[PDB]
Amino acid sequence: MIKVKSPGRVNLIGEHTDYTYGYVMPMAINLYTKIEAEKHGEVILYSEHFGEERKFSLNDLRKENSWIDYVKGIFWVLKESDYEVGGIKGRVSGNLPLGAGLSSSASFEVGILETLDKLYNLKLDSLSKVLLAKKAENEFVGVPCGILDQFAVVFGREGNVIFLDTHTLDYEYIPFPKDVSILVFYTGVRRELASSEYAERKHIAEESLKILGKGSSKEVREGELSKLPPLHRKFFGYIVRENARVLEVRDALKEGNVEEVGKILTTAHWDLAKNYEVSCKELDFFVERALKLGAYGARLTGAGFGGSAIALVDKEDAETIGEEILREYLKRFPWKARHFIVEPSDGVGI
């Protein structure tokens, strides 16, 4: 029997940049999918979240339109990439909330991959783990996504965020400040409802790159955007400013300038809300109130349209701010909102 712990993730800055090969800055967080498993002739897994066992023969990588598809996708990508692995039997648990925008998909996928890597001695390198997991999600599960989530879950390091160039896959660890907490606020609005909106943004951005004759948004300046159609131009304008914001956060973090990091996150949030049109009133409520209550800055994290937001707050104030906002929020909105205090953590391992 082996036990794997696979973290979720939060993106600090660099939202909706990964599918145009821009800059991102995620961290693994200390909320986890846990998998305890051993070799078996078929695949049998009990999910504590769902309170159920699902199984399949290794022969049977047909989509079933249930959570077991994330497991089949890993077996599929390994087979398609010329690895021979056997079955597993075990239990999936942990404290990472599902469908909250903290990447339980990448957490789970990478956790299963790591379980197979260890049981079957595959000796996968970290980058391979990221690419295989991404490929499973894109091509088997059928969720468009960029590399952000998988990269964080694998490459996370305790006390650090990851500065990543998604075009080249060059990356750098940057220390996160002492006694500054990341307050995570889940709106209780499941973001999966607007997955068509994500696909629309991704498709417009890709089309925009082709119009501009460029391979990455890094190569694009605000002046060239006149060449794009008005809707393409509005959205791409956000992307260009966001790439620049990532580089500024990088410089500010390396100086320990938390106040400036916070200011940039807040600017980014409003740019997302007003120009990229991917926020919602629940998210904006959290951001505005977090700022009034003394956060250095706040921003939605992940795709938007629900899910979670983050606020950078003094460690000794994080619980109080989270509690005060949650209480106000529940009077205003009917959803099962939750708050978590998280810290930058190590990536997947045993």
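Residues carry their position along the shown sequence, with the first being 1.
Novice: Per the PDB record, is the mean Cα temperature factor higher over 118-126 or over 187-195?
Specialist: Averaged over C-alpha atoms, the B-factors run higher in 187-195.
Novice: Please compare 295-303 with 54-62 and say which has the higher mean C-alpha temperature factor in the record.
Specialist: Per the PDB record, 54-62.
Novice: Highest Cα B-factor in the PDB entry belongs to which of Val261, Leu169, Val153, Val240?
Specialist: The C-alpha B-factor peaks, among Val261, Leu169, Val153, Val240, at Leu169.
Novice: For the listed residues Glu288, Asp317, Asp69, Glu323, which one has the largest C-alpha B-factor as given in the deposited model?
Specialist: Of the candidates given, the C-alpha B-factor peaks at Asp317.
Novice: Per the entry's values, where does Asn275 land by CA temperature factor relative to the rest of its chain, in the lowest, middle or highest third?
Specialist: Highest third, going by the recorded CA B-factors of the chain.
Novice: By the record's CA B-factor, is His49 among the lowest, middle or highest third of residues in the chain?
Specialist: For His49, the deposited C-alpha B-factor lands in the highest third.
Novice: If you rank the chain by CA B-factor, which third does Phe340 end up in: lowest, middle or highest?
Specialist: CA B-factor rank for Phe340: middle third.
Novice: Compared with the other modelled residues in the chain, in which third is the CA B-factor of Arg9?
Specialist: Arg9: CA B-factor falls in the lowest third of its chain.
Novice: Can you tell me whether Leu131 has a C-alpha B-factor in the lowest, middle or highest third compared with the other modelled residues of the same chain?
Specialist: Its C-alpha B-factor, which the entry lists for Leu131, ranks in the lowest third among residues of this chain.
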